[PDB]
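Read through the structure below, which is laid out as structure tokens, and then see the notes.
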Number of protein chains: 2
Amino acid sequence: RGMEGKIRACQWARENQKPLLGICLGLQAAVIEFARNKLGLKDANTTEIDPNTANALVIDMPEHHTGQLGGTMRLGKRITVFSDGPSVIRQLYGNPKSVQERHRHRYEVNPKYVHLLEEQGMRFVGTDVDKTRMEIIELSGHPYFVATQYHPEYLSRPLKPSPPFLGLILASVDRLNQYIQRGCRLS
Amino acid sequence: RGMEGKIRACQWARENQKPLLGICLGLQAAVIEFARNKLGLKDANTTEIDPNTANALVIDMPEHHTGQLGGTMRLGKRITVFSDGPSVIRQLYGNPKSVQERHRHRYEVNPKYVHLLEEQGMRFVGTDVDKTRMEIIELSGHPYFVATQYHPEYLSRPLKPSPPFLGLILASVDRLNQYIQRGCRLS
């Protein structure tokens, strides 16, 4: 019920210097517009509907390790370990090293079709415990580009803001001199 | 161009316990509604248009003293001396004794037709230097009744509020705990 309109909605914002956020169910469409604009891979299309193309980057591969056996779903209590350091979704947690996050998807990225993602400005500021699944991707040169697989919106605590949507407003106007202009009128 | 509508406008507010203010050019109509409601003098009507009635209280009498001779106007640097003490238009001046006020009218009150104003609740909290002209009148029993001849609106200084309009808001809700709620927000 929609696979073409979701592609033109993200590639147009990146060309018009508009930042984006990291929302799940978007890793299948993010690799399509990146291969057609930076390079020119037209064969790479939608893989979650008709898996018949030759340049199928993200396919359907279940968990072949412990715990879940056979064709299951890629979710559960998994340990997410980052790779880099200075970024926009890591400095807000007080410089951690291993954050516990949960996912809700079933498609995984193939480690053999990521050859063209390393020779460009498409770094990986977040991997897994096996250094195979690229769950967190980031495009260099963009002023604010966030893309991952987990859902940080459900963890939006009132005492702890979310990584992506909060960093976009702070890096927009950088207005921090508002707390000193008040002074508690109802005191 | 108007003499009947101005009479029913002042007596309607006094019956509904509503306060009034002291505005000039109103002493000719204030004595008409008071003689018809408290007593029943229908002959006393408008004297500034057709002076043919028998109960003409306020007529046209110029100044017969020094300075102005003949048919002139009742105005100029005149000394106004009060008579009573506790009121609403005297306690705001720091308890004075002789305030310099100016008028702008030509009709005076007759001292021989004020016999019915002394036997009722119509005191005089302000006279002149001859104790003949009743320039300030007040109705007893009313919660806030102000009536005089001078114009306190033109003397509304930003550092000294006017007697009549300021005393009506203060005696309405008596809200004085508002300045302690702010506390200088822009500090």
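To be explicit about the labels: the chains of the structure tokens are called A, B, and onward in the order shown, and within each one the residues are counted from 1, while ligands get numbers from 1 in the order they are shown.
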
Report task. Find the spatial neighbours of residue 101 of chain A, counting only C-alpha atoms, within a cut-off of 7 Å - ignore same-chain residues fewer than 5 positions away - and output them as a PyMOL selection string. Result -> chain A and resi 78-80+150

Report task. Taking only C-alpha atoms into account, report as a PyMOL selection string which residues of chain A lie within 7 Å of chain B. Result -> chain A and resi 182-187

Can you write out the residues you just picked, keeping N, CA and C atoms, as a compact mmCIF listing (two decimals), in the first residue's frame?
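What ended up in again_13.txt:
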# COMPACT_ATOMS: atom_id res chain seq x y z
N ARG A 182 13.50 35.07 32.31
CA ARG A 182 12.31 34.93 33.14
C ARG A 182 12.58 35.45 34.55
N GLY A 183 12.54 34.55 35.53
CA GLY A 183 12.78 34.94 36.91
C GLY A 183 11.67 34.55 37.85
N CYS A 184 10.80 33.63 37.40
CA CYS A 184 9.68 33.14 38.19
C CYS A 184 8.76 34.27 38.63
N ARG A 185 7.81 34.65 37.77
CA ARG A 185 6.89 35.72 38.11
C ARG A 185 5.95 35.31 39.24
N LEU A 186 5.42 34.09 39.18
CA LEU A 186 4.51 33.58 40.21
C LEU A 186 5.33 33.00 41.37
N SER A 187 5.93 33.90 42.14
CA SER A 187 6.75 33.51 43.28
C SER A 187 6.29 34.22 44.55

Report task. Would you list the contacts of residue 141 of chain A as a ChimeraX atom specification, taking every protein, DNA or RNA residue within 12 Å and counting only C-alpha atoms, but skipping same-chain residues closer than 6 positions in sequence? Result -> /A:14-15,17,19,120-123

Query raised in the report: Which parts of chain A does DSSP call strand (DSSP E or B) when run on the backbone here, written out as a VMD selection string?
Result: chain A and resid 58 to 60 74 78 to 81 99 to 101 105 107 to 109 122 to 127 136 to 139 147 157 160

Report task. Find the residues near segment 88-97 of chain B: any atom within 12 Å, counting only C-alpha atoms, skip ones fewer than 2 places away on the same chain, and give them as JSON, numbers by chain. Result -> {"B": [21, 22, 79, 80, 81, 82, 83, 84, 85, 86, 99, 100, 125, 126, 127, 128, 129, 136, 137, 138, 143, 144, 145, 146, 147, 148, 152, 160, 161, 162, 163, 164, 165, 166, 167, 168, 170, 171]}

Can I get the selection written as a compact mmCIF listing (two decimals), in the first residue's frame, with N, CA and C atoms?
# COMPACT_ATOMS: atom_id res chain seq x y z
N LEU B 21 -19.74 59.51 39.86
CA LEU B 21 -18.56 60.36 39.90
C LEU B 21 -18.98 61.83 39.86
N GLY B 22 -18.06 62.69 40.29
CA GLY B 22 -18.32 64.12 40.31
C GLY B 22 -17.92 64.83 39.04
N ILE B 79 -10.54 80.36 45.90
CA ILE B 79 -10.11 79.53 47.02
C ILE B 79 -11.30 78.69 47.47
N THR B 80 -11.12 77.37 47.48
CA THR B 80 -12.16 76.43 47.89
C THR B 80 -11.80 75.88 49.26
N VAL B 81 -12.68 76.09 50.23
CA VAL B 81 -12.49 75.63 51.60
C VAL B 81 -13.56 74.60 51.92
N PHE B 82 -13.14 73.44 52.42
CA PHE B 82 -14.07 72.38 52.77
C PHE B 82 -14.77 72.70 54.10
N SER B 83 -15.71 71.84 54.48
CA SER B 83 -16.46 72.00 55.72
C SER B 83 -16.32 70.82 56.66
N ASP B 84 -16.52 69.60 56.17
CA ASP B 84 -16.42 68.42 57.01
C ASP B 84 -14.98 67.90 57.06
N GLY B 85 -14.82 66.60 57.27
CA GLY B 85 -13.51 66.00 57.35
C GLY B 85 -13.44 64.65 56.67
N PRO B 86 -13.95 63.61 57.34
CA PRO B 86 -13.91 62.26 56.76
C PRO B 86 -14.83 62.12 55.56
N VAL B 99 -7.75 73.92 49.34
CA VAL B 99 -7.22 73.48 48.06
C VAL B 99 -7.63 74.48 46.99
N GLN B 100 -6.70 74.80 46.09
CA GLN B 100 -6.94 75.75 45.01
C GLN B 100 -7.50 74.99 43.81
N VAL B 125 -20.10 68.72 52.11
CA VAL B 125 -18.74 68.48 52.57
C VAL B 125 -17.77 69.41 51.86
N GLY B 126 -18.28 70.54 51.37
CA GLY B 126 -17.45 71.50 50.68
C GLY B 126 -18.18 72.78 50.32
N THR B 127 -17.74 73.90 50.90
CA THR B 127 -18.37 75.19 50.63
C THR B 127 -17.36 76.15 50.00
N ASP B 128 -17.63 77.45 50.10
CA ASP B 128 -16.77 78.49 49.57
C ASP B 128 -16.22 79.34 50.72
N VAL B 129 -15.64 80.49 50.37
CA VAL B 129 -15.08 81.39 51.37
C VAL B 129 -16.12 82.32 51.97
N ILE B 136 -20.01 71.80 46.52
CA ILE B 136 -19.82 70.37 46.73
C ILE B 136 -21.01 69.84 47.51
N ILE B 137 -21.67 68.83 46.97
CA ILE B 137 -22.82 68.20 47.60
C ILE B 137 -22.56 66.71 47.73
N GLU B 138 -23.19 66.10 48.73
CA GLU B 138 -23.03 64.68 48.99
C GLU B 138 -24.33 64.13 49.58
N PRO B 143 -23.34 54.40 49.21
CA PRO B 143 -21.99 53.89 49.50
C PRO B 143 -20.88 54.72 48.89
N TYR B 144 -21.11 55.34 47.73
CA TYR B 144 -20.07 56.15 47.09
C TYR B 144 -20.77 57.14 46.16
N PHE B 145 -20.99 58.35 46.65
CA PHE B 145 -21.64 59.41 45.89
C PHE B 145 -20.74 60.63 45.87
N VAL B 146 -20.25 60.99 44.69
CA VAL B 146 -19.36 62.13 44.50
C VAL B 146 -20.03 63.11 43.55
N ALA B 147 -20.09 64.38 43.95
CA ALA B 147 -20.70 65.42 43.12
C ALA B 147 -20.12 66.76 43.52
N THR B 148 -19.59 67.49 42.55
CA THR B 148 -19.00 68.80 42.81
C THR B 148 -19.15 69.64 41.54
N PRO B 152 -11.80 67.60 38.22
CA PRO B 152 -10.60 66.88 38.66
C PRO B 152 -9.98 65.99 37.59
N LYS B 160 -0.03 61.64 40.85
CA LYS B 160 -1.11 61.92 41.80
C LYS B 160 -2.44 61.57 41.15
N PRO B 161 -3.04 60.45 41.53
CA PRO B 161 -4.32 60.06 40.93
C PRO B 161 -5.44 61.02 41.30
N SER B 162 -6.51 60.96 40.52
CA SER B 162 -7.65 61.83 40.74
C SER B 162 -8.51 61.31 41.90
N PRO B 163 -9.20 62.20 42.60
CA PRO B 163 -10.05 61.78 43.73
C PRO B 163 -11.13 60.79 43.32
N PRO B 164 -12.00 61.11 42.33
CA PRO B 164 -13.24 60.33 42.20
C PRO B 164 -13.05 58.96 41.56
N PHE B 165 -12.45 58.91 40.37
CA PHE B 165 -12.37 57.65 39.63
C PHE B 165 -11.44 56.64 40.29
N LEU B 166 -10.48 57.10 41.10
CA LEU B 166 -9.57 56.18 41.76
C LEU B 166 -10.20 55.56 43.01
N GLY B 167 -10.99 56.34 43.74
CA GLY B 167 -11.64 55.82 44.94
C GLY B 167 -12.74 54.82 44.66
N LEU B 168 -13.25 54.78 43.43
CA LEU B 168 -14.31 53.84 43.09
C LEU B 168 -13.76 52.44 42.87
N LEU B 170 -10.85 51.30 44.14
CA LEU B 170 -10.27 50.82 45.39
C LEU B 170 -11.34 50.31 46.34
N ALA B 171 -12.50 50.97 46.38
CA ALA B 171 -13.60 50.57 47.24
C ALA B 171 -14.51 49.53 46.60

Requested in this report: DSSP on the backbone, then: every residue of segment 18-92 of chain B marked helix (DSSP H, G or I), written as a list in words.
Outcome: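 Result set for segment 18-92 of chain B (helix (DSSP H, G or I)): residues 27, 28, 29, 30, 31, 32, 33, 34, 35, 36, 37, 91 and 92 of chain B.
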
Query - Distance query residue 46 of chain B at most 12 Å, only C-alpha atoms, self and fewer than 3 positions along chain excluded, as number ranges by chain - result: B: 2-4, 6-7, 26-33, 42-43, 49-60

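Between atom CA of residue 61 of chain A and atom CA of residue 107 of chain A the separation is 6.0 Å.
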
Report task. Quote the spacing between atom CA of residue 13 of chain A and atom CA of residue 173 of chain A in Å to one decimal place. Result ->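 Atom-to-atom, atom CA of residue 13 of chain A and atom CA of residue 173 of chain A are spaced 19.0 Å apart.
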